Amino acid sequence: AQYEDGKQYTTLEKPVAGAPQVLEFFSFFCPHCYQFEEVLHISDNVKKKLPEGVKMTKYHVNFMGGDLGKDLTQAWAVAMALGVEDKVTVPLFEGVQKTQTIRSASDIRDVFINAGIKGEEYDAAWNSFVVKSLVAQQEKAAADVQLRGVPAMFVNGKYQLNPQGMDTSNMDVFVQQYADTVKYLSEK
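Residues numbered from 1 in each chain as written, not as in the entry; some residues may be left out. Heavy atoms only, no water.

## Remarks on the state of the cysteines
Turning to step 1, where the next piece is worked out: What the rule picks out here adds up to 1 disulfide.
Turning to step 2, where the next piece is worked out: The disulfide partner of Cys-30 is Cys-33, and the S-S distance across this bridge is 2.0 Å. Every disulfide takes its handedness from the sign of the S-S torsion; for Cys-30 and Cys-33 that torsion is 75°, giving right-handed. For the pair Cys-30 and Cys-33, a shared accessibility class is recorded, and that class is buried. (Disulfide = S-S within 2.5 Å. Buried < 20%, exposed > 50% of the residue type's maximum accessible area, 1.4 Å probe, protein only.)

## Regarding the sheet that holds strand 5 (residues 159–161)
Turning to step 1, where the next piece is worked out: The 5 strands lie next to each other as 1-5-4-2-3, forming an open sheet whose pairing is mixed. The open sheet has two edge strands with one neighbour each: strand 1 (9–11) and strand 3 (56–60). Sheet twist, expressed as the mean angle between neighbouring strand axes with direction ignored, is 25°.
Turning to step 2, where the next piece is worked out: When strand 2 (residues 22–26) meets strand 3, the two strands line up parallel, connected through 5 bridges. If you follow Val-22 over to strand 3, its bridge partner there is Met-56.
Turning to step 3, where the next piece is worked out: Those strands touched by helix 2 (residues 42–49) are strand 2, strand 3 and strand 4 (152–155), and its axis lies near 160° from that of strand 3. (Pairing = 2+ DSSP bridges. Helix = DSSP H or I, 4+ residues; strand = E, 2+ residues; numbered from the N terminus. Axes fitted to C-alpha atoms, helices over the stretch in contact; angles between N-to-C directions. Contact = heavy atoms within 4.5 Å.)

## Section: the nonpolar core
Turning to step 1, where the next piece is worked out: Core analysis: the largest hydrophobic core is formed by 42 residues, its most contacted members being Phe-25, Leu-92, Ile-108, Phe-112 and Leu-147.
Turning to step 2, where the next piece is worked out: Elements that contribute at least two residues to this core include exactly strand 2, helix 1 (31–39), helix 3 (66–82), helix 4 (85–98), helix 5 (105–114), helix 6 (119–127), helix 7 (129–143) and strand 4.
Turning to step 3, where the next piece is worked out: Counting residues per element, this core draws most heavily on helix 3, which supplies 8 residues.
Turning to step 4, where the next piece is worked out: Counting residues in each nonpolar core, the second largest holds 18 residues, with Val-22, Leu-50, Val-175 and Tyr-178 among its members. (Core = buried A, V, L, I, M, F, W, Y, C linked by side-chain atoms within 4.5 Å.)

## Side note on the pattern of salt bridges
Turning to step 1, where the next piece is worked out: Overall, the coordinates contain 5 salt bridges when judged by the stated rule.
Turning to step 2, where the next piece is worked out: A salt bridge links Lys-7 to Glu-4, with the nearest nitrogen and oxygen atoms 3.3 Å apart.
Turning to step 3, where the next piece is worked out: Here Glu-4 falls in the partly exposed class, since its relative accessible area comes to 34%. (Salt bridge = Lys/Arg side-chain N within 4 Å of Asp/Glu carboxyl O.)

## So, the side chain of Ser-43
Turning to step 1, where the next piece is worked out: Mapped onto the elements, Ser-43 comes out in helix 2.
Turning to step 2, where the next piece is worked out: Taking relative accessible area as the criterion, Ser-43 reaches 18% and is therefore assigned buried.
Turning to step 3, where the next piece is worked out: Side-chain polar atoms of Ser-43 contact the side chain of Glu-24, separated by 3.0 Å.
Turning to step 4, where the next piece is worked out: Among the polar contacts listed, one links the side chain of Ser-43 to the side chain of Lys-58, at a separation of 2.8 Å. (Polar contact = N/O pair within 3.5 Å; in protein donor to acceptor, adjacent residues only side chain to side chain.)

Everything listed here is a matter of geometry and, on its own, says nothing about what the molecule does.
This is how it looks when you write it as structure tokens:
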């Protein structure tokens, strides 16, 4: 076939019921994730080709960057609750991997403040139980799927994108292939 298990994707032998339709995992410490967001815009090109009525979900993970990594998962929870993902993703990535100016929860906070979220609103979000549950969800979803690496995308709790098995000579061709694979898996 043109799409083969073990080539553009792999199948979870332990499928996950009730999982989000399109589920992405990343870390602000993850260098391919940086690429995936800033250079490739994977998520947006996937969305562009997905059917609609398709919910797209993106989660942060704890297993990179120790204490800061966990701080970042709580911050991403804050971002999700406030709906401010698109004003913080880039400065978080650049603060972690480019400029090296994020070293504490307080520096993460600065990114939000500078993006215009109010101190009060941020701290209230940070400490809220809605955010707690939202951290729980991120962790549960990673636990549910054997997650040991990022970036990672899962479709319907059944299929895992396998980017190693796609051509990388051309970034645009890589993205199209990636996104078309998601669409294919989606319709399976």
